[PDB]
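Q: Test case, fold it:
(one chain, ligands or ions: 6)
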Amino acid sequence: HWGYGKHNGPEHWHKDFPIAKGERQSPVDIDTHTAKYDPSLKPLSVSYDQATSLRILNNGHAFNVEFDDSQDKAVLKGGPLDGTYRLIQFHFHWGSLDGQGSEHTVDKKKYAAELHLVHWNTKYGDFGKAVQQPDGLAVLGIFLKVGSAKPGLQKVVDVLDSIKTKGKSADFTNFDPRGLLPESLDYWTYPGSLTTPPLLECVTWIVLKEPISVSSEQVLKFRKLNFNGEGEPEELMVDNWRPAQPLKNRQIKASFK
Ligand SMILES: NS(=O)(=O)c1c(F)cccc1F
Ligand SMILES: NS(=O)(=O)c1c(F)cccc1F
Ligand SMILES: OC[C@H]1O[C@@H](O)[C@H](O)[C@@H](O)[C@@H]1O
Ligand SMILES: OC[C@H]1O[C@@H](O)[C@H](O)[C@@H](O)[C@@H]1O
Ligand SMILES: OC[C@H]1O[C@H](O)[C@H](O)[C@@H](O)[C@@H]1O
Ligand SMILES: [Zn+2]
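A: Numbers count the residues shown, from 1 in each chain. Ligands and ions are numbered 1, 2, ... in the order given. I have put the structure below:
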């Protein structure tokens, strides 16, 4: 199966997922000087007050914090989006060292990690239907840099010892994802794809300009997770990021002047 190693990583994915070489792949480098303010963007609304987290899962690639998306409880609206997008899960991508780990880059700069809050367009009824549509998903991306600790991340960090290996899950109720957001909602947006197989071109990306700070100790705990299953030789879960892909016939728009 696909992964991040030398023999099954991003440079190999195209052989089973030919869309890997497609016209709107993600992530991309965000050239901050070429990105243009877009007055047609509406105010962005992140409405997570009633979010219901359920479970945290090590899926062998990353860990997902899953939400009850059976009804409109945490949603994303506004900005570039037409209609209502429901939060289904969040996860991260990170590096083996602080100097890499993000998927998007900013003027070629790599951050230590990147948080993805994944939402599906409720007009399509379910996630599987949404990923058949050009506007099926919206992913809110947030960069992580290493400095002061992020208090709202600590509950995540502290459960990771219980989901060390692929296929393990744990209860993760009553987690507030609002504690993972920076102060500012300034953002860049562009049309793209899932960054892992199946690489489907369904995503409106909304990437916040302001990174959150996390402590070295917090990201070191991410790096103690395992790609492998229980009992198998240890492969540390690190460098689970896809590099930037060609921008092709796209423009990145900014929410800020
Ligand atoms: N294309 S891919 O990354 O999914 C892949 C490989 F490259 C190699 C082996 C199995 C496999 F699934
Ligand atoms: N990393 S990402 O947010 O683009 C993403 C998802 F949300 C869901 C599935 C695959 C995937 F790649
Ligand atoms: O427990 C995490 C969050 O869950 C939500 O459903 C509640 O409405 C919030 O008040 C709370 O912060
Ligand atoms: O033709 C002019 C237009 O070109 C487009 O590529 C830009 O996105 C618009 O902002 C601009 O008004
Ligand atoms: O909020 C997420 C989780 O944080 C802590 O692990 C709590 O002990 C647990 O009860 C809760 O589910
Ligand atoms: Zn992701």
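
Q: Dihedrals phi and psi, residue 202?
A: Summarising the backbone geometry of residue 202 under the convention degrees, to the nearest 10, its torsions are phi -130, psi 0.

Q: list the contacts for the residue nearest to it when sequence neighbours are not counted?
A: Excluding the flanking residues, the one nearest residue 202 by Cβ to Cβ, 6 or more residues apart in numbering is residue 136, at 4.1 Å. Where you see a C-beta, it was placed from the backbone N, CA and C, and this is true even at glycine. For residue 136, the contact set (Cβ atoms under 8 Å, 6 or more residues apart in numbering) comprises 120, 121, 124, 129, 130, 202, 203.

Q: how about the residues you listed, which pair is most distant?
A: The span of these, defined through Cβ to Cβ, is set by 129 and 203 at 14.9 Å.

Q: The two: which is more packed in?
A: Set side by side, residue 129 and residue 203 show unequal neighbour counts under other Cβ atoms under 10 Å, the larger going to residue 203 at 25 against 13.

Q: Now the residue nearest to the more buried one when sequence neighbours are not counted, what are its backbone angles?
A: Among residues not flanking residue 203 along the chain, residue 137 sits closest, at 4.6 Å (Cβ to Cβ, 6+ apart). The phi/psi pair for residue 137 (degrees, to the nearest 10) reads phi -130, psi 150.

Q: before we move on, what about residue 212?
A: Backbone dihedrals for residue 212, given as degrees, to the nearest 10, come out at phi -90, psi 150.

Q: wait, what's in contact with it?
A: Residues near residue 212 by Cβ under 8 Å, 6+ apart: 115, 142, 143, 144, 145, 150, 153, 180, 181, 182.

Q: List phi and psi for the closest residue to it other than its chain neighbours.
A: The shortest distance from residue 212 to any non-neighbouring residue, by Cβ to Cβ, 6+ apart, is to residue 182 (5.1 Å). Dihedral pair for residue 182: phi -70, psi 180, per degrees, to the nearest 10.

Q: thinking residue 182 is in contact with residue 207, fair?
A: No - when contacts are counted by Cβ atoms under 8 Å, residue 182 is not listed as touching residue 207 (11.8 Å).

Q: who's more crowded, these two?
A: residue 207 (25 against 15).

Q: Do I have it right that residue 156 meets residue 53?
A: No - using Cβ under 8 Å, residue 156 is not in contact with residue 53; the gap is 10.1 Å.

Q: Between the two, which contacts overlap?
A: When Cβ under 8 Å, 6+ apart defines a contact, the residues bordering residue 156 and residue 53 alike are 65, 175.

Q: Helices along the stretch 51-200 of the chain, start to end?
A: Under the criterion DSSP state H, counting those that start in this stretch, helices of the stretch 51-200 of the chain are mapped to 127-130, 154-159.

Q: I'd like to know which elements the longest one is packed against.
A: This points to helix 154-159. For helix 154-159, the elements it packs on are helix 216-222, judged by 3 or more Cβ pairs under 8 Å, 6 or more residues apart in numbering; DSSP states H and E.

Q: Let me know whether the helix it packs on sits next to ligand 5.
A: No - remark: helix 216-222 sits outside contact range of ligand 5, by Cβ under 6 Å from any ligand atom, the gap being at least 13.3 Å.

Q: For that helix, give me every contacting residue.
A: When contacts are taken as Cβ under 8 Å, 6+ apart, the neighbours of helix 216-222 outside the stretch itself are 92, 94, 98, 101, 112-113, 144, 146, 149-150, 153-154, 157, 160, 237.

Q: Could you give the number of residues near residue 180?
A: Neighbour tally, residue 180, other Cβ under 10 Å: 22.

Q: For the closest residue to residue 140 other than its chain neighbours, give the beta-bridge partners.
A: Distances taken as Cβ to Cβ, 6+ apart place residue 117 nearest to residue 140, at 4.2 Å, with adjacent residues excluded. Residue 117 forms beta bridges with residue 90, residue 140, as assigned by DSSP bridges.
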